[PDB]
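Shown below, as structure tokens, is a lone chain in the form deposited in one PDB entry; questions about how it binds or moves come after it.
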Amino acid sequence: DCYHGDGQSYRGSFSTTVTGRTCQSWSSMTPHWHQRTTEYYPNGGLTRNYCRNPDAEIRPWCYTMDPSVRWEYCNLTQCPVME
């Protein structure tokens, strides 16, 4: 799977970080409390624990299930140019 540009439009199901950690559910406040929820980002597609870029980051990211690592970029690369 892959994303385009900075990934704001990414709506795939990838959920693993660049270090192999699993993404935290956007509706959960554990292990990390945050405000990136569907209520505050109704158009961000914050579903399950899927990698997303609801803000203005460089690529899709997610809070992680490791209490010691709050958030990380996901292990996704940009889609190649359509030939």
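Residue positions are given as counts along the sequence shown, with the first one as 1.
For the segment pair 35-43 and 48-56, the entry gives 35-43 the higher mean B-factor, averaged over Cα atoms. Ranked by C-alpha B-factor against the other modelled residues of its chain, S9 falls in the highest third. Compared with the other modelled residues of the chain, the Cα B-factor recorded for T19 ranks in the middle third.
One more form of this protein should be noted, the form solved in complex with a small molecule, which is absent from this view; the next part is about it.
With respect to the small molecule in the deposited bound form, the three residues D1, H4 and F14 uniformly fall beyond 4.5 angstroms at the level of their nearest heavy atom. Taking the partner from elsewhere, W61 is found to have a heavy atom lying within 4.5 Å of the small molecule in the deposited bound form.
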